[PDB]
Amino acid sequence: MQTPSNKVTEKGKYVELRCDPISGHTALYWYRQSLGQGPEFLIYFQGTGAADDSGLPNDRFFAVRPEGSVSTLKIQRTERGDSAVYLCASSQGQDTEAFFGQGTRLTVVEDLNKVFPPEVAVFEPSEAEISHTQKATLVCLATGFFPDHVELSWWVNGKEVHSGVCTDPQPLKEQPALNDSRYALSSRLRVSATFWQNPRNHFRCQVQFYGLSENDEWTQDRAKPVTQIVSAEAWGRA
């Protein structure tokens, strides 16, 4: 229901979160889920007009739903405390079935210099595993990115697969003593030995990174870490 999966913003600037409810649902609810907490109510729309604004924390928060369809939640002068997942639910009223969206994860960054895109690399399976278990395990490494805004996926012969994939549930700090440390992530695709040994099968590890936008002023010689995709490929070996 919600248009951006993750968004990065600099302190002191505004953000806009969008929610497109299911067609015909007149009631719309905004929630906020901080880390290690449950969702908390923000605002409730009934049609084009706002019905309950008690959940908004301060005056920097403001929402609107012109046309009584899409709703926009605007946070001004963002702080590091506004970093959470902003959920959106829609229904036809109370005591009717409510449907929740995937949510948008907002991360407020203090300094833009700390943002980095990931670096993807795929590793071919070991000949010892193929000879011992008759199965091949591919490993994909995504290193050197900040913040935690990556979506990893495997693509076998141009089609996204889900069977036999193992992505770590939580990323890994490359230096845990630092509060703004670069992250690392690994994923595992496991196929049969016969499938990997076919020189016609194509494997590609794809990572979707969410970063800076056009409104963020980048003033450094390094390439701008905008939203992009980093991929790594490998062909089957006989």
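For every residue, the number given is its place in the sequence shown, counted from 1.
A summary of the deposited B-factors shows that, of 211-219 and 225-233, the stretch with the larger mean C-alpha value is 211-219. The entry lists C-alpha B-factors for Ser153, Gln102, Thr72, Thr133, and the highest of these is at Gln102.
If you compare the C-alpha temperature factors of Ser187, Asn58, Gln206, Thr26 in the entry, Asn58 comes out highest. In the deposited entry, the Cα temperature factor of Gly68 places it in the highest third of its chain's modelled residues. Annotation for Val191: CA B-factor lies in the middle third of the chain's modelled residues. The deposited CA B-factor of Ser83 belongs to the lowest third of values across its chain. When the modelled residues of the chain are ordered by C-alpha B-factor, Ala98 sits in the middle third. Among the modelled residues of the chain, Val109 sits in the highest third by CA temperature factor in this PDB entry.
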